[PDB]
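S.K.: Right, I'll just put the structure down here and ask away after.
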Amino acid sequence: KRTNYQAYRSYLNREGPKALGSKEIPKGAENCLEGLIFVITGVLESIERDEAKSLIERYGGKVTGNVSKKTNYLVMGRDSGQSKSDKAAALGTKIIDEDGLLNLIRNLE
């Protein structure tokens, strides 16, 4: 019984942002993420977690690391944690990619 998976920290923070400052921060509606809880897990394409978090928070969303019952959208990059995914799955919380996160906001442009 170990709840900290050291291997996961390696994967989740092993990103090679070559498109950092390219896909980031759209001009969507300020209300787009407002009232929606976003949970970011796994390694995305290229995003510093804070830029995601600040973005989510800025657009009225709450960013948290644990999938809640009001999440709706689980941003999942490369990680295979059954633990976080199962909760989302049981709720019907849909899994999205980095592109998916921005895709919603891009729609509100």
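Residue numbering restarts at 1 in every chain; chains get A, B, ... in the order shown in the structure tokens, and ligands count up from 1 in that same order.
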Please identify all polymer residues within 8 Å of region 59-63 of chain A, counting only C-alpha atoms, omitting same-chain residues fewer than 4 positions from it, and present them as an NGL selection string.

M.R.: :A and (29-40 or 53 or 55)

S.K.: Please report as a Markdown table every residue of region 28-55 of chain A lying within 9 Å of region 4-16 of chain A, along with the nearest atom pair and their distance in Å (one decimal), using only C-alpha atoms.

M.R.:
```
| residue | atom | partner | partner_atom | distance |
| --- | --- | --- | --- | --- |
| A:41 | CA | A:12 | CA | 7.4 |
| A:42 | CA | A:12 | CA | 4.8 |
| A:43 | CA | A:12 | CA | 4.7 |
| A:44 | CA | A:15 | CA | 7.3 |
| A:45 | CA | A:15 | CA | 7.3 |
| A:46 | CA | A:16 | CA | 6.5 |
| A:47 | CA | A:15 | CA | 8.3 |
| A:48 | CA | A:15 | CA | 8.8 |
```

S.K.: From the options A:77, A:17, A:65, A:26, which residue's atoms come nearest to residue 95 (chain A), counting only C-alpha atoms?

M.R.: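 Once distances to residue 95 (chain A) are computed over only C-alpha atoms, the minimum belongs to A:77.
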
S.K.: Show me, as CSV, the residues of region 45-87 of chain A having an atom within 10 Å of region 101-105 of chain A, each with the closest atom pair and its distance in Å, using only C-alpha atoms.

M.R.:
```
residue,atom,partner,partner_atom,distance
A:52,CA,A:101,CA,9.0
A:55,CA,A:102,CA,9.8
A:56,CA,A:101,CA,9.2
A:59,CA,A:105,CA,9.0
A:73,CA,A:101,CA,8.5
A:74,CA,A:101,CA,9.1
A:75,CA,A:101,CA,6.9
A:76,CA,A:101,CA,9.8
```

S.K.: Okay, now the selection with C-alpha atoms, as a PDB file, in the first residue's frame?

M.R.:
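So the final result, stored in out_18.pdb, reads:
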```pdb
ATOM      1  CA  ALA A  52      -3.436  25.404 -17.825  1.00  0.00           C
ATOM      2  CA  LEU A  55      -6.276  29.565 -17.878  1.00  0.00           C
ATOM      3  CA  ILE A  56      -8.957  27.386 -16.264  1.00  0.00           C
ATOM      4  CA  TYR A  59     -12.234  31.463 -17.434  1.00  0.00           C
ATOM      5  CA  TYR A  73     -14.209  16.917 -18.407  1.00  0.00           C
ATOM      6  CA  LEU A  74     -11.090  15.110 -17.406  1.00  0.00           C
ATOM      7  CA  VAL A  75      -8.017  16.412 -19.179  1.00  0.00           C
ATOM      8  CA  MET A  76      -5.895  13.402 -19.526  1.00  0.00           C
TER       9      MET A  76
END
```

S.K.: Give the answer as one residue: which of A:54, A:21, A:3, A:78 has the shortest atom-to-atom distance to residue 96 (chain A), using only C-alpha atoms?

M.R.: A:78

S.K.: Work out how far CA of residue 27 (chain A) is from CA of residue 109 (chain A), in Å to one decimal.

M.R.: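 Separation between CA of residue 109 (chain A) and CA of residue 27 (chain A): 6.0 Å.
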
S.K.: Given the choices A:20, A:28, A:108, A:97, which gets closest to residue 79 (chain A) if the distance is worked out from only C-alpha atoms?

M.R.: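 Counting only C-alpha atoms, the residue closest to residue 79 (chain A) is A:97.
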
S.K.: Have a look at CA of residue 68 (chain A) and CA of residue 94 (chain A) and let me know their distance in Å, one decimal.

M.R.: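 Atom-to-atom, CA of residue 68 (chain A) and CA of residue 94 (chain A) are spaced 12.3 Å apart.
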
S.K.: I need the residues in region 13-107 of chain A that are strand (DSSP E or B) according to DSSP; give them as a ChimeraX atom specification.

M.R.: /A:37-41,43,62-64,73-76,78,94-96

S.K.: Kindly export the residues of the current selection with C-alpha atoms, as a PDB file, in the first residue's frame.

M.R.:
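What landed in part_2.pdb:
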```pdb
ATOM      1  CA  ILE A  37     -14.473  21.914 -12.769  1.00  0.00           C
ATOM      2  CA  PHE A  38     -11.381  20.982 -14.669  1.00  0.00           C
ATOM      3  CA  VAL A  39      -9.020  18.317 -13.706  1.00  0.00           C
ATOM      4  CA  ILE A  40      -5.698  18.021 -15.453  1.00  0.00           C
ATOM      5  CA  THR A  41      -3.796  14.746 -15.296  1.00  0.00           C
ATOM      6  CA  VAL A  43       1.461  14.787 -19.665  1.00  0.00           C
ATOM      7  CA  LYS A  62     -11.887  25.516 -10.935  1.00  0.00           C
ATOM      8  CA  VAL A  63      -8.846  23.446 -11.475  1.00  0.00           C
ATOM      9  CA  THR A  64      -8.160  20.567  -9.144  1.00  0.00           C
ATOM     10  CA  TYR A  73     -14.209  16.917 -18.407  1.00  0.00           C
ATOM     11  CA  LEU A  74     -11.090  15.110 -17.406  1.00  0.00           C
ATOM     12  CA  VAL A  75      -8.017  16.412 -19.179  1.00  0.00           C
ATOM     13  CA  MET A  76      -5.895  13.402 -19.526  1.00  0.00           C
ATOM     14  CA  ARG A  78      -0.195  10.456 -21.093  1.00  0.00           C
ATOM     15  CA  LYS A  94     -15.563  12.479 -20.452  1.00  0.00           C
ATOM     16  CA  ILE A  95     -11.890  12.323 -21.200  1.00  0.00           C
ATOM     17  CA  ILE A  96     -10.300  15.071 -23.229  1.00  0.00           C
TER      18      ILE A  96
END
```

S.K.: Quick check, in Å to one decimal: how far apart do CA of residue 86 (chain A) and CA of residue 98 (chain A) lie?

M.R.: 19.6 Å

S.K.: Once DSSP has gone over the backbone, tell me which residues of chain A are in alpha helix (DSSP H), as number ranges by chain.

M.R.: A: 6-12, 49-58, 82-91, 98-107

S.K.: For a quick check of understanding, using only C-alpha atoms, which of A:80, A:22, A:49, A:92 has the smallest distance to residue 67 (chain A)?

M.R.: A:92
